[PDB]
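Asker: The structure's right below; bear with me while I get my questions together.
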Amino acid sequence: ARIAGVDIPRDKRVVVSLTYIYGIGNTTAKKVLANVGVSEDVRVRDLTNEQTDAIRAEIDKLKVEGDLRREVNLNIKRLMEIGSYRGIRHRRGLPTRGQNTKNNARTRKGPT
Amino acid sequence: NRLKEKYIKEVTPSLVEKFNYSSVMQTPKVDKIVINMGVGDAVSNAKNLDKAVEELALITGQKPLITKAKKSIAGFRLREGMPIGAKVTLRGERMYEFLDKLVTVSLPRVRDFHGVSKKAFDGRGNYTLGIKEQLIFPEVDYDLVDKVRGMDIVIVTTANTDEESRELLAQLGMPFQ
Amino acid sequence: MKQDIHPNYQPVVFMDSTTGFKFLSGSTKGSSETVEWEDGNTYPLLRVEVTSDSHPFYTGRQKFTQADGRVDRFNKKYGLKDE
Amino acid sequence: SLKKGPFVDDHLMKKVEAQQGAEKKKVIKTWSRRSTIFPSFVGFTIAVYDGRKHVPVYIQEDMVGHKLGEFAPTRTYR
RNA sequence: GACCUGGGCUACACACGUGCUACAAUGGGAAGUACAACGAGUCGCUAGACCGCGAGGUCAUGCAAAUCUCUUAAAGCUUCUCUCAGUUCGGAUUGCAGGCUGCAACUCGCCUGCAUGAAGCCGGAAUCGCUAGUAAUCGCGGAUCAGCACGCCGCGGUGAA
């Protein structure tokens, strides 16, 4: 469920449906479809078991995980827990090069 | 297990060396390990003990109790009969296997690395050596634990003075500073 | 032991990332790999990163080329530039 | 992006050096703005200056990449 | 009054004014394919070549000017595509890896790449500009400037009721 992680849905073609997981942008998708030798196929996913297993094993060559979320969490956990001045404002969502916000909290929290 | 074997092999005749005991019955053993999740916040919301027991059941080999109140404190909003904390005693051979886990795994997995503070005296062979975090044990799940509280350990011996307990814990790992 | 109301336990043999101490027991479980006769015939999967020798309270001062990931994350990219 | 390595001034080096085999000193008065950290600067105790106060802070080995500018917060929002 | 270091005018429980980008089918994504005007250039613009996912890196040729460069402009045109969704719309926020000038990008520069993907489906009361190369849309150049523009000043394309 489905083939790798969860929820690779049909009714869309292959480069579209693979974007739906935490770890695929578009360059990862085109490179993984280039590593097998496949195509758009077609506008509904009608792959074969050879093709699905090949593109299943090639994604396993990456960081494409649900622990990739945990990888991000341990990244920002390294961040916020040294001192940390970047943790104080990391939780207040302002970038480490600064953005100088007195009305740009509506991106994250919506103070209105 | 390991720690009865160390008592039979090396610990007892070294004790008869370093204190000149006239009989083997004079040697001090170890009796208990008492553990106390002192929550104190189930009075606010009762779902705080409901995971402290879940953590203690993994850490020990038992289930804890739920402790009563015996008083009625105005400041912490206490009456009689209030669920506050949870004891776990340990006897038998699960003493020594839990102590094996304590000597090997746990004590070197704490930040500000120093091991064991040397002042826990009480004069009479009891080193309450508390625990600050909860993530120390191998069986701790980051996907389950939220709060950053800690434990209690009450090492209980039959030793008279603390010169004896220091040598016992020196012959049972226990990284003093 | 009072019946039915005590948690799960099996005497799980330890391992390590380095040198593999194989003596002890445990409580939690997994997929068994080396049921071992010289110890308890149980799981091996308690495979802790700590030997209680790796920390410099027992063996001595051994961290100069300690070469561990996040350590090398700074000390390899400019660490080749360092040395 | 400082592609030709780190940057630490040489008028930062000149307070003490003999604390390599002994237990280190406590006074490190500086400016603590420009210089980053690279692994020869682990485990000292530096009075990081924030424009008004050389605020003391000691070092962990993973407080290692960024400059001495995280630990001079010059905003005072309390 | 004067010299120097470091900080600050770039904060944020909030309210108001001015601009940029969207809420997708006259559209997004991929491929191939044309036509402007103004102005700038010596420690300044870079021809060509090689390498790189790229920001770019190196060797270097013209240029004190209707000659060399900025510079082959975008909307344009032809094929495929998606098929109405919070969506191949949208593109903020956040980790990682970088590139460039600066003695030095934490407070506090710009840009690239990877991973992330929020609001937002045309906005009440009210209120603004405009009578034709105008309104609406689309690019380009300059000032100050090591570096930094959704601002300012100027030009040109398509072209309304």
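Identifiers for the structure tokens are assigned positionally: chains receive A, B, ... in sequence, residues are indexed from 1 per chain, and ligands are indexed from 1 in the order shown.
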Which residues are close to residue 71 in chain D, i.e. within 9 Å by only C-alpha atoms (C1' of nucleotides), leaving aside same-chain residues fewer than 2 positions away? Reply as a count of residues only.
Answerer: 13
Asker: For residue 44 in chain B, find every residue with an atom within 10 Å (counting only C-alpha atoms (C1' of nucleotides)), except residues of its own chain fewer than 4 positions away, and show them as a ChimeraX atom specification.
Answerer: /B:40,48,76-77
Asker: Go ahead and dump the residues you just picked, N, CA and C atoms, as a PDB file, in the first residue's frame.
Answerer:
```
ATOM      1  N   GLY B  40       2.807  14.372  39.667  1.00  0.00           N
ATOM      2  CA  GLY B  40       2.230  15.539  40.306  1.00  0.00           C
ATOM      3  C   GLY B  40       1.330  16.389  39.440  1.00  0.00           C
ATOM      4  N   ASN B  48      -1.578  12.009  32.414  1.00  0.00           N
ATOM      5  CA  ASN B  48      -0.138  12.112  32.607  1.00  0.00           C
ATOM      6  C   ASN B  48       0.450  10.839  33.200  1.00  0.00           C
ATOM      7  N   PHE B  76      -0.700  22.846  45.847  1.00  0.00           N
ATOM      8  CA  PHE B  76      -0.681  21.994  44.670  1.00  0.00           C
ATOM      9  C   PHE B  76      -2.055  21.438  44.329  1.00  0.00           C
ATOM     10  N   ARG B  77      -3.100  21.878  45.042  1.00  0.00           N
ATOM     11  CA  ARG B  77      -4.487  21.414  44.917  1.00  0.00           C
ATOM     12  C   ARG B  77      -4.589  19.910  45.193  1.00  0.00           C
TER      13      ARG B  77
END
```
Asker: Within 10 Å of chain D, which residues of chain C are there when counting only C-alpha atoms? Please give them as a list in words.
Answerer: residues 70, 71, 73, 74, 75, 77, 78, 79, 81 and 82 of chain C
Asker: For residue 113 in chain B, find every residue with an atom within 10 Å (counting only C-alpha atoms (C1' of nucleotides)), except residues of its own chain fewer than 4 positions away, and show them as a PyMOL selection string.
Answerer: (chain B and resi 107-109+177) or (chain C and resi 55-57)
Asker: Just to be explicit: take each residue in the selection above, keep N, CA, C and O atoms, and write the result as a compact mmCIF listing (two decimals), in the first residue's frame.
Answerer:
```
# COMPACT_ATOMS: atom_id res chain seq x y z
N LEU B 107 24.13 4.91 31.57
CA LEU B 107 25.04 5.90 32.16
C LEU B 107 26.03 6.57 31.20
O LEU B 107 26.38 7.74 31.44
N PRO B 108 26.53 5.92 30.11
CA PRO B 108 27.29 6.71 29.14
C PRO B 108 26.48 7.39 28.04
O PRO B 108 27.08 7.85 27.06
N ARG B 109 25.15 7.49 28.14
CA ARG B 109 24.38 8.16 27.10
C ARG B 109 23.72 9.44 27.60
O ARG B 109 22.59 9.75 27.24
N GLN B 177 32.88 10.17 39.23
CA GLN B 177 33.62 11.23 38.54
C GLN B 177 35.12 11.21 38.83
O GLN B 177 35.66 12.16 39.40
N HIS C 55 33.39 5.57 25.33
CA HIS C 55 33.46 6.82 26.07
C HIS C 55 34.77 6.88 26.84
O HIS C 55 35.21 5.87 27.39
N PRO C 56 35.42 8.06 26.91
CA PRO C 56 36.75 8.17 27.52
C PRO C 56 36.74 8.26 29.05
O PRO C 56 37.46 9.06 29.65
N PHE C 57 35.92 7.43 29.68
CA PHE C 57 35.93 7.25 31.12
C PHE C 57 36.57 5.93 31.52
O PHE C 57 36.82 5.72 32.71
```
Asker: Have a look at CA of residue 58 in chain D and CA of residue 64 in chain C and let me know their distance in Å, one decimal.
Answerer: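 According to the coordinates, CA of residue 58 in chain D and CA of residue 64 in chain C are separated by 20.1 Å.
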